[PDB]
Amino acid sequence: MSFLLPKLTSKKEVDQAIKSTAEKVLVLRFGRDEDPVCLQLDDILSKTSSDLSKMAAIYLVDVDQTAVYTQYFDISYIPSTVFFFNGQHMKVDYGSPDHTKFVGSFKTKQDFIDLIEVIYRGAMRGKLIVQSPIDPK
């Protein structure tokens, strides 16, 4: 049963999601619904959101419609996904120098599910930085 990922449309809405959301990892996908690679990611985000309801809330954000945040996260490539937890911007080690955001899509649906667990636990255990259990794509 497909699920329609919510959408934040303005700076304000994104602020609210960051404050509102609690105890779960806020997943903010900055991109464009139309974009191909974004389409690939959203599918993965769609087919896993349900199974992740317990520890993650996912939203899609248009990079054109919310430039301040796009700028604030220093986003240049799309899709770019940022993770938050109870208001805290979470850092993930993946591999590259930018621990601030995951750039691109995931090889599989399991990757993302895995990454989310690492974040959830690390975050639940009071950490602010965690290591990626996977690889990009």
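The first residue of the shown sequence is 1; numbering continues from there.
request  = Taking the mean of the C-alpha B-factors per stretch from the entry, tell me the winner out of 45-53 and 83-91.
outcome  = Mean B over CA atoms: larger for 45-53.
Residue stretch of maximal mean CA temperature factor, 70-78 vs 92-100: In the deposited entry, the stretch with the higher C-alpha B-factor mean is 92-100.
key: Chain-relative CA temperature factor third for residue 29   = Lowest third.
*Going by what the PDB entry lists, where does residue 22 fall on CA B-factor within its chain: lowest, middle or highest third?*
CA B-factor rank for residue 22: highest third.
(request) Name the third of the chain's ranked CA B-factors that contains residue 124, choosing lowest, middle or highest. (result) As the PDB entry reports it, the C-alpha B-factor of residue 124 lands in the highest third of its chain.
- prompt: Is the Cα B-factor recorded for residue 111 in the lowest, middle or highest third of its chain?
  reply: Middle third, going by the recorded CA B-factors of the chain.
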